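Next up: the same protein chain in two forms, each one alone, written as structure tokens (structure 1, then structure 2).
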Structure 1
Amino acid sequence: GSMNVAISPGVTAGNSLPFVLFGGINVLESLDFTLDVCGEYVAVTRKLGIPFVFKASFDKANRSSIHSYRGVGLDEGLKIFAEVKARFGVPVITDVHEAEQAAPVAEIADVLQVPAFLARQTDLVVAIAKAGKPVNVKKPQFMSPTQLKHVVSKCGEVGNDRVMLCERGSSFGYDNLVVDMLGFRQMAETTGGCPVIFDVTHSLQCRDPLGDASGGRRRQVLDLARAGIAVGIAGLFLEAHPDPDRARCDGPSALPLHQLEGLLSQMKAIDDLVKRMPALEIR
């Protein structure tokens, strides 16, 4: 049933295809820093031969605290993304928080992401689907893997069949996430084989009961990225930073950028292996 989603020339995501890296940074802060980090990803993915889509958010619309950093915002963010595409020739993914942002974002971004908390919001999902690019649906922490089909259906109803499904963990007691590795197959099979993507970064989130900003578990990114990629999936979603303690959002879960090549060579080796091993029909 597997379905393949064409993102840009030489970049197609599909559960039986070599994995695609949706990699970048949490939030857009400035032009040069964005260009410099993206340059590193482009060089590392080109060297290793891994298909690549650059990620960043133009806005963090859901920070816990009114005081926390939100990013350069829509207008500056789209200008940064336009310069990233022209400099590197790389497709970009970003998240969309209001219906009215979908069309202008889709002029520049090559994939639009539905945020986890907002994936049940009909008018947002529909507006994102109608914008005419591939959609990455972040699976809410509150949503079981067999319920994503209804989000996919919303998109399908307005003529967008290019939908990918992104795991980022499930709520496990208070202030913690677990990743159910059994969910990847349930997402694919109940949606007609949509590409499934693993957000290893956000799956590492956890928090202090009284904290102002998310905690996170970057020291375990390889453990979890290994597990997910071994299942056999369309993509990996990853954020990095040269010094994660200085990141202005989700630093506790960000990969230190100098370890990108070390992580990706392990992902490519595991992915190339599992992608040539059969499923067993276990009845």
Structure 2
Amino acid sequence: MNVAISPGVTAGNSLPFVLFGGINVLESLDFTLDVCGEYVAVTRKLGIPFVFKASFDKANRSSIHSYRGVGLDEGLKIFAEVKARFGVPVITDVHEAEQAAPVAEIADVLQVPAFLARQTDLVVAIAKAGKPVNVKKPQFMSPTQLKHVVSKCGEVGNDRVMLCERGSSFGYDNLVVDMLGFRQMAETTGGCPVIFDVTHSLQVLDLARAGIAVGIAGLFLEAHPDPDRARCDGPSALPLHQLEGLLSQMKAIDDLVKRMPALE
């Protein structure tokens, strides 16, 4: 199944990989524009399809007082300016059923947060909003169970679903990426595009190389100019200056493996 996101950007497991790349959360217009512009410049140079990613709300910080981002209303204003400035499609996450329709007016893909992937009403609200849907696979969920979420989407008329790996629970706290999961998610859901979040899955290069070599529809990436200074106990973003170096290796492997067959 190939999922058409915007003109010239289509995701599919046999197609050239799509970078879903951006930042953790919207803090300001200018900072968003500058980071997005650098993503655009690099992906344009290399010839990699690109969807810009950001959250408008951090809905699950440790403290009710922790910074949560600019929020829904201002976030969608920022996304509108990004789309106008760069002609790039955008993807963002949706935490509450009531956000789905307003977000769908602006965003080109709506993401189901991993912890919320089983919540029927949220998933239905997101699926009914009429845009392609990216389902984050929670660390507690095996790859053959994601089909139920895909089915809930199809039951309310949305067949344009993508599935995003971000690791599996491995003891306490640690995540392991089972590289056999990508095919199992694809094959049990009718061939949904599979995307790999190499940021939350934690050596980013080892992991991204491993995942791209398997043969997948997309990469999911967060970046920052200075990741070590994040005001976050979240997982480290890629340092932004490393983007081109990373993506040139990804494209090289991706172009190679996408012309190699399965074993007969």
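When a residue number appears, read it as a position in the sequence of structure 1, where counting begins at 1. If you superpose the two forms and keep the largest set of C-alpha atoms that fall within 1.5 Å, you have the rigid core.
Once you line up the core between structure 1 and structure 2, the Cα of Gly251 ends up 2 Å or more from where it was. Positional change of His67 between structure 1 and structure 2 reaches 2 Å or more at the C-alpha, relative to the superposed core. Superposing the rigid core and comparing between structure 1 and structure 2 gives a CA shift of 0.3 Å at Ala188.
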